[PDB]
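Next up: just one chain, as structure tokens, the form deposited in one PDB entry.
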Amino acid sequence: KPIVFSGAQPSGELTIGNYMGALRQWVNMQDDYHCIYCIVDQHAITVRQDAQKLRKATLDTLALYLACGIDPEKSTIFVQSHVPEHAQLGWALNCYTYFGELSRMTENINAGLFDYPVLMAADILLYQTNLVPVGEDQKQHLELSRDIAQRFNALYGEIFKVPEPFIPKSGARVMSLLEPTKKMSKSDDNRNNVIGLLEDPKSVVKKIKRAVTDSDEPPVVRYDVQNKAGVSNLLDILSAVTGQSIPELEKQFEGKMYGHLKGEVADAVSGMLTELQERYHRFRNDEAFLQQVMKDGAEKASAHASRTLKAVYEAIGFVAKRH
């Protein structure tokens, strides 16, 4: 099976777009690929934050990924800082990364924020990764990882796999509620544009009620991204939740107003989130289970990472550690 690597930020407030898009896509491919999920706490600290909140956010993220369907017996899930090899390879790869390559990435800035693309390269290359599902903002970072890998391989032989982007997109379409021309993003400052995965039925109703529609007369529930972006977004959200096709929903809402659509979307989404939240709280409140998942995952990750790091260290010429 090809090896797939994904970094999970312990701070990202995930949305229904993240879930019904990429995450649900990947949950159903855990037997097709050897999937690795790395909770990237070492990347998180490039932005200063409260220590207690970071610890909590790491465990929140773990429980949420488990709740979404990431299975720790099928896939490898672990906390980045638990595997020393990440930092070790990161330092080594700094020495095969041009300063220029980092300065070109798209004085009071901390060095972690400057240097984290090299750590990301190490994160990926440690596991002989074949595929990396990246968003547009991470394309440059992936390209650097490929250039580092090829550069190192040209000097020392085929030590790393050259990773590839995972090209196919999920197919689910979730746009911002007050700005339906742009994608619903977990990075949005305006939280009224998004539905978070831990929101209750009342919060979801409130946000869907506010969602931008059009001034068509009569109001008509039809799919048209150009002229009816808001109504189309509501249809896409509903279709993604229920599995009903757009033409099926258009027929279902024949002669109905936008109030009735919004009510059905709210109910459908909250139906989905209530089951996700049950699983989340069950996992999140079981400290023993989470500790076992992290220990097992770090052990699996470490076994693989140590093999790659040993090959790297031998290639570079370091005197082998005496155990």
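Each form is matched to the other, and the largest set of C-alpha atoms that superpose within 1.5 Å is called the rigid core. Counting begins at 1, following the sequence as shown.
Only in words, not in the display: the form deposited in another entry, which the text now covers.
For the listed set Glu164, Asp224, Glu101, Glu158, the sole C-alpha moving 2 Å or more between the shown form and the other one on a rigid core superposition is that of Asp224. Once both forms are fitted on their core, a CA shift of 2 Å or more is seen for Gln25 between the shown form and the other one. When the rigid core is held fixed, the Cα atom of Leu234 travels 2 angstroms or more between the shown form and the other one.
Shown in the overlay between the shown form and the other one, fitted on the rigid core, is a CA shift at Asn193 of 2 Å or greater.
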